[PDB]
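Since the structure comes first, as structure tokens, the remarks are kept for the end.
There are 2 protein chains.
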Amino acid sequence: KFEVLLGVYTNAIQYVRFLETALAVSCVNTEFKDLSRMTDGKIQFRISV
Amino acid sequence: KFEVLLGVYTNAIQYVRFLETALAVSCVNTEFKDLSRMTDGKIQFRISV
Numbered sequence: 051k052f053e054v055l056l057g058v059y060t061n062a063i064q065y066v067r068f069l070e071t072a073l074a075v076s077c078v079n080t081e082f083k084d085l086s087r088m089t090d091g092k093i094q095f096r097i098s099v
Numbered sequence: 051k052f053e054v055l056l057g058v059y060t061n062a063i064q065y066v067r068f069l070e071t072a073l074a075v076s077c078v079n080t081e082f083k084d085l086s087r088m089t090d091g092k093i094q095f096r097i098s099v
């Protein structure tokens with residue numbers, strides 16, 4: 051008279067990146083190895099009217 | 051002067067197999083020859099959140 055072990059099932063976490071979803075269209079992305087070295091950034095537009 | 055016997059036909063009860071109905075899509079089957087020798091069974095799931 052046995053008690054059968056019918057199944058051990060482990061869900062698989064699928065890996066998801068940033069460039070593999072459709073939120074990546076809204077922004078362009080650049081690898082920047084030393085970001086904590088950078089303290090602040092700036093862009094400067096020259097608008098001639 | 052007579053009385054007639056106008057045929058005899060009996061109903062043929064069709065054999066309704068499990069694998070010919072739609073309720074076999076709701077489940078999946080395994081032929082276990084010896085379920086009398088089973089006291090209990092279990093499935094343990096591992097959910098990785």
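If you're matching them up, the sequences are chains B and R in order. Using the UniProt record's numbering, you'd call the opening residue of the first sequence number 51 and step up by one each time. Using the UniProt record's numbering, you'd call the opening residue of the second sequence number 51 and step up by one each time. Ideal Cβ placement from N, Cα and C applies to all residues, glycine included.
Look at R:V75 here: in three-state DSSP terms it is coil, with no helix or strand label. Among the residues of chain B, those whose CB is under 9 Å from the CB of R:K92 are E53, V54, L55, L56, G57, following chain order. With a threshold of 7 Å between beta carbons, B:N79 makes no contact with chain R.
For R:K92, the beta-bridge partners assigned by DSSP are B:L55. Annotation: B:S98 to B:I63 spans about 52 Å, alpha carbon to alpha carbon.
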